[PDB]
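File shown: target-v5.tsv (TSV, C-alpha atoms and all ligand atoms).
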```tsv
chain	number	residue	atom	x	y	z
R	1	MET	CA	-91.93	99.49	-67.31
R	2	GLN	CA	-94.31	97.02	-65.65
R	3	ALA	CA	-95.78	93.51	-65.88
R	4	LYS	CA	-97.21	92.72	-69.31
R	5	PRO	CA	-95.72	95.57	-71.38
R	6	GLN	CA	-98.35	98.19	-72.06
R	7	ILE	CA	-98.63	101.95	-72.35
R	8	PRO	CA	-100.07	104.00	-69.45
R	9	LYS	CA	-101.64	107.47	-69.54
R	10	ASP	CA	-98.53	109.03	-68.01
R	11	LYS	CA	-96.52	110.33	-70.95
R	12	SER	CA	-93.52	111.09	-68.74
R	13	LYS	CA	-92.12	107.69	-67.72
R	14	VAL	CA	-90.33	105.12	-69.86
R	15	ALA	CA	-92.14	102.11	-71.32
R	16	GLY	CA	-88.97	100.48	-72.58
R	17	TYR	CA	-85.37	101.18	-73.55
R	18	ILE	CA	-84.05	100.98	-77.09
R	19	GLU	CA	-80.66	99.34	-77.42
R	20	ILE	CA	-78.96	99.14	-80.77
R	21	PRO	CA	-75.25	98.29	-80.26
R	22	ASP	CA	-74.64	98.78	-83.97
R	23	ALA	CA	-75.80	102.39	-83.69
R	24	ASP	CA	-74.26	103.05	-80.26
R	25	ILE	CA	-77.81	103.53	-78.99
R	26	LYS	CA	-79.08	102.58	-75.52
R	27	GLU	CA	-81.69	105.23	-74.77
R	28	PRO	CA	-85.16	105.50	-73.13
R	29	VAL	CA	-88.19	105.17	-75.41
R	30	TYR	CA	-91.08	107.39	-74.36
R	31	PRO	CA	-94.57	105.96	-74.81
R	32	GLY	CA	-96.59	108.72	-76.41
R	33	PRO	CA	-98.99	109.75	-79.18
R	34	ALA	CA	-96.16	111.51	-81.02
R	35	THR	CA	-97.14	114.73	-79.26
R	36	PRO	CA	-94.60	117.62	-79.67
R	37	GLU	CA	-93.29	117.65	-76.08
R	38	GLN	CA	-92.83	113.87	-76.21
R	39	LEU	CA	-90.42	114.16	-79.13
R	40	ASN	CA	-88.67	117.18	-77.65
R	41	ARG	CA	-87.34	115.04	-74.80
R	42	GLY	CA	-86.95	111.77	-76.69
R	43	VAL	CA	-88.53	109.36	-79.15
R	44	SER	CA	-92.22	108.54	-79.15
R	45	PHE	CA	-94.61	106.03	-80.69
R	46	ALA	CA	-96.51	107.03	-83.82
R	47	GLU	CA	-99.87	106.65	-82.10
R	48	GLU	CA	-101.23	105.70	-78.69
R	49	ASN	CA	-103.48	103.07	-80.26
R	50	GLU	CA	-100.51	100.76	-80.64
R	51	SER	CA	-99.14	98.77	-77.73
R	52	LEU	CA	-96.11	96.86	-76.53
R	53	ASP	CA	-98.24	93.71	-76.68
R	54	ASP	CA	-99.48	94.70	-80.12
R	55	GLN	CA	-98.00	93.52	-83.41
R	56	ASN	CA	-97.46	97.13	-84.45
R	57	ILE	CA	-94.89	99.15	-82.53
R	58	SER	CA	-93.84	102.28	-84.38
R	59	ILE	CA	-91.19	104.59	-82.98
R	60	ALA	CA	-90.97	108.08	-84.45
R	61	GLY	CA	-87.37	109.18	-84.69
R	62	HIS	CA	-86.96	112.79	-83.66
R	63	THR	CA	-83.88	113.77	-85.64
R	64	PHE	CA	-82.38	117.04	-84.45
R	65	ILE	CA	-79.56	119.37	-85.50
R	66	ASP	CA	-78.83	121.06	-82.17
R	67	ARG	CA	-77.86	117.79	-80.49
R	68	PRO	CA	-74.91	115.74	-81.86
R	69	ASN	CA	-75.35	112.86	-79.43
R	70	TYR	CA	-78.94	111.88	-78.82
R	71	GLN	CA	-80.97	108.74	-79.54
R	72	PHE	CA	-81.54	108.37	-83.30
R	73	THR	CA	-78.49	110.42	-84.31
R	74	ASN	CA	-76.32	107.43	-85.18
R	75	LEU	CA	-79.19	105.13	-86.16
R	76	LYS	CA	-78.14	105.76	-89.76
R	77	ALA	CA	-75.19	103.43	-89.10
R	78	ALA	CA	-77.62	100.54	-88.62
R	79	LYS	CA	-78.18	97.69	-91.05
R	80	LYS	CA	-79.97	94.35	-91.50
R	81	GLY	CA	-78.44	92.69	-88.45
R	82	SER	CA	-78.02	95.52	-85.98
R	83	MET	CA	-79.70	93.42	-83.25
R	84	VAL	CA	-82.33	95.78	-81.90
R	85	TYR	CA	-82.86	95.15	-78.20
R	86	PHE	CA	-86.07	96.67	-76.91
R	87	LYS	CA	-85.97	96.37	-73.13
R	88	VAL	CA	-89.67	96.69	-72.49
R	89	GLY	CA	-91.41	96.02	-69.20
R	90	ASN	CA	-88.94	93.33	-68.26
R	91	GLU	CA	-88.15	91.26	-71.32
R	92	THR	CA	-85.52	91.88	-73.97
R	93	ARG	CA	-87.28	92.09	-77.34
R	94	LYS	CA	-84.76	91.41	-80.10
R	95	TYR	CA	-85.59	92.69	-83.55
R	96	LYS	CA	-83.67	92.38	-86.81
R	97	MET	CA	-83.59	95.13	-89.43
R	98	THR	CA	-84.81	92.88	-92.22
R	99	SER	CA	-87.03	95.40	-94.02
R	100	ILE	CA	-85.24	98.71	-94.63
R	101	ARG	CA	-86.29	101.55	-96.91
R	102	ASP	CA	-87.25	105.23	-96.79
R	103	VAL	CA	-90.49	106.96	-97.66
R	104	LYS	CA	-92.00	110.43	-97.84
R	105	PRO	CA	-94.96	112.32	-96.28
R	106	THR	CA	-96.63	111.79	-99.66
R	107	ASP	CA	-96.30	108.02	-99.22
R	108	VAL	CA	-99.44	106.84	-97.44
R	109	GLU	CA	-99.15	103.29	-98.72
R	110	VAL	CA	-96.47	102.16	-96.29
R	111	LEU	CA	-98.29	102.93	-93.07
R	112	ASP	CA	-101.11	100.51	-93.75
R	113	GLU	CA	-102.23	96.92	-93.10
R	114	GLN	CA	-98.76	95.41	-93.42
R	115	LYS	CA	-99.91	92.34	-91.51
R	116	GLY	CA	-98.35	88.89	-91.70
R	117	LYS	CA	-95.36	89.81	-89.60
R	118	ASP	CA	-94.58	89.21	-85.96
R	119	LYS	CA	-94.00	92.08	-83.52
R	120	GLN	CA	-92.45	94.63	-85.85
R	121	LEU	CA	-90.56	97.63	-84.58
R	122	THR	CA	-91.18	100.36	-87.11
R	123	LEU	CA	-88.36	102.88	-86.77
R	124	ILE	CA	-89.66	105.98	-88.52
R	125	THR	CA	-86.57	108.16	-88.74
R	126	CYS	CA	-87.52	111.46	-90.33
R	127	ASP	CA	-84.51	113.09	-91.96
R	128	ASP	CA	-84.00	116.17	-94.16
R	129	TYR	CA	-86.05	119.14	-93.04
R	130	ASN	CA	-87.99	121.08	-95.66
R	131	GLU	CA	-87.93	124.69	-94.45
R	132	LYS	CA	-90.37	125.76	-97.15
R	133	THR	CA	-93.33	124.15	-95.40
R	134	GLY	CA	-91.88	122.63	-92.23
R	135	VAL	CA	-92.02	118.92	-92.98
R	136	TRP	CA	-89.44	116.14	-93.03
R	137	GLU	CA	-88.88	114.84	-96.54
R	138	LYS	CA	-87.02	111.59	-95.96
R	139	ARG	CA	-88.93	109.30	-93.64
R	140	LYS	CA	-86.38	106.52	-93.33
R	141	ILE	CA	-88.20	103.44	-92.17
R	142	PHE	CA	-86.51	100.50	-90.55
R	143	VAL	CA	-88.96	97.69	-89.95
R	144	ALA	CA	-87.18	95.53	-87.43
R	145	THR	CA	-89.23	92.38	-87.08
R	146	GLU	CA	-89.00	90.33	-83.87
R	147	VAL	CA	-86.19	87.95	-84.71
R	148	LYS	CA	-85.82	84.32	-83.67
C	201	LIG	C1	-91.46	112.55	-89.44
C	201	LIG	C2	-91.22	113.44	-88.22
C	201	LIG	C3	-90.59	112.98	-87.07
C	201	LIG	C4	-90.48	113.94	-86.10
C	201	LIG	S1	-91.18	115.32	-86.71
C	201	LIG	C5	-91.61	114.73	-88.20
C	201	LIG	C6	-92.71	111.96	-89.35
C	201	LIG	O1	-92.98	111.21	-88.22
C	201	LIG	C7	-94.16	110.49	-88.26
C	201	LIG	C8	-94.47	109.78	-87.11
C	201	LIG	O2	-93.90	108.47	-87.19
C	201	LIG	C9	-95.02	110.48	-89.36
C	201	LIG	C10	-94.79	111.33	-90.41
C	201	LIG	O3	-95.54	111.36	-91.38
C	201	LIG	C11	-93.69	112.14	-90.33
C	201	LIG	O4	-93.52	113.11	-91.26
```

Go ahead and render the structure in this file as structure tokens.
Amino acid sequence: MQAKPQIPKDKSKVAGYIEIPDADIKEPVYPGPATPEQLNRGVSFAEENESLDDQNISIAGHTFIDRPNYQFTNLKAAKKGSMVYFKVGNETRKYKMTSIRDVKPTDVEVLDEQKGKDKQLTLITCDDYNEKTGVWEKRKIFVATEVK
């Protein structure tokens, strides 16, 4: 958290906090390149090429079985108007879950030039583990666009 929300090289501190009252979520979002250790402690961005000042902010949801009460556990209770409060740097970024669907690792047409939006918070919540190869089949994607 600092002036003009951006992502530093330190992958240990918090860039912003994710607050979704509808999902009982008020947890720290870790700014990272979706590297293993980043997800093991919390949620991370999809890449490090994105930014908090960028139009594309994509948070990879690290769903886990061991833990019953972590960040994206109850995010499945969210809906179109869950009021997503991203407390980043200083400001409270409110997003609305207007575009909700789920995709698969074999769907490379969703993570693309989906321009035309404002600051969109792409919640990539990977659910359903495929033990046969080690992937997550259901990539639930909640595109919460910065709401008025
Ligand atoms: C799903 C996943 C999340 C934690 S481990 C696997 C997943 O996540 C991303 C990053 O947003 C992209 C994918 O293609 C995934 O399979």

Ligand LIG 201 (chain C): which residues are within 10 Å, counting all atoms listed in the file, as a CSV table (one decimal) with C-alpha atoms, in the coordinates of the input?
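Listed below is the output, selection24.csv:
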```
chain,number,residue,atom,x,y,z
R,33,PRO,CA,-99.0,109.8,-79.2
R,34,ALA,CA,-96.2,111.5,-81.0
R,35,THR,CA,-97.1,114.7,-79.3
R,36,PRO,CA,-94.6,117.6,-79.7
R,39,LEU,CA,-90.4,114.2,-79.1
R,40,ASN,CA,-88.7,117.2,-77.6
R,43,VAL,CA,-88.5,109.4,-79.2
R,44,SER,CA,-92.2,108.5,-79.2
R,45,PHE,CA,-94.6,106.0,-80.7
R,46,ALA,CA,-96.5,107.0,-83.8
R,47,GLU,CA,-99.9,106.6,-82.1
R,58,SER,CA,-93.8,102.3,-84.4
R,59,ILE,CA,-91.2,104.6,-83.0
R,60,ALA,CA,-91.0,108.1,-84.4
R,61,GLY,CA,-87.4,109.2,-84.7
R,62,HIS,CA,-87.0,112.8,-83.7
R,63,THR,CA,-83.9,113.8,-85.6
R,64,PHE,CA,-82.4,117.0,-84.4
R,103,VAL,CA,-90.5,107.0,-97.7
R,104,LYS,CA,-92.0,110.4,-97.8
R,105,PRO,CA,-95.0,112.3,-96.3
R,106,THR,CA,-96.6,111.8,-99.7
R,107,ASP,CA,-96.3,108.0,-99.2
R,108,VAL,CA,-99.4,106.8,-97.4
R,111,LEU,CA,-98.3,102.9,-93.1
R,122,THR,CA,-91.2,100.4,-87.1
R,123,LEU,CA,-88.4,102.9,-86.8
R,124,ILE,CA,-89.7,106.0,-88.5
R,125,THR,CA,-86.6,108.2,-88.7
R,126,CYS,CA,-87.5,111.5,-90.3
R,127,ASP,CA,-84.5,113.1,-92.0
R,128,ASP,CA,-84.0,116.2,-94.2
R,129,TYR,CA,-86.0,119.1,-93.0
R,134,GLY,CA,-91.9,122.6,-92.2
R,135,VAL,CA,-92.0,118.9,-93.0
R,136,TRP,CA,-89.4,116.1,-93.0
R,137,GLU,CA,-88.9,114.8,-96.5
R,138,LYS,CA,-87.0,111.6,-96.0
R,139,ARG,CA,-88.9,109.3,-93.6
R,140,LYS,CA,-86.4,106.5,-93.3
R,141,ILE,CA,-88.2,103.4,-92.2
```

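The closest residue to residue 21 (chain R), picked from R:94, R:37, R:88, R:52 and counting all atoms listed in the file, is R:94.
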
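Nearest residue to residue 87 (chain R), choosing from R:28, R:116, R:16, R:42 and counting all atoms listed in the file: R:16.
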
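Nearest residue to residue 20 (chain R) among R:99, R:114, R:2, R:71 is R:71, counting all atoms listed in the file.
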
Please write out, as lines of an AutoDock Vina configuration file, where the centre of an axis-aligned box around all listed atoms of region 38-54 of chain R lies and how long its edges are, in Å to one decimal, after adding 8 Å on each side.
```
center_x = -95.2
center_y = 105.4
center_z = -79.3
size_x = 32.5
size_y = 39.5
size_z = 25.0
```

Using all atoms listed in the file, the residue out of R:133, R:121, R:27, R:50 with shortest distance to residue 95 (chain R) is R:121

When you draw a straight line from CA of residue 12 (chain R) to CA of residue 119 (chain R), how long is it in Å? 24.1 Å

Find the residues near residue 49 (chain R): any atom within 12 Å, counting all atoms listed in the file, skip ones fewer than 5 places away on the same chain, and give them as a PyMOL selection string. chain R and resi 6-9+31-34+54-58

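Here CA of residue 78 (chain R) stands at a distance of 8.1 Å from CA of residue 97 (chain R).
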
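Minimum atom-to-atom distance to residue 110 (chain R), evaluated using all atoms listed in the file, belongs to R:143 out of R:143, R:3, R:18, R:65.
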
Under the rule that all atoms listed in the file are counted, which of R:29, R:83, R:77, R:147 is the nearest residue to residue 11 (chain R)? R:29
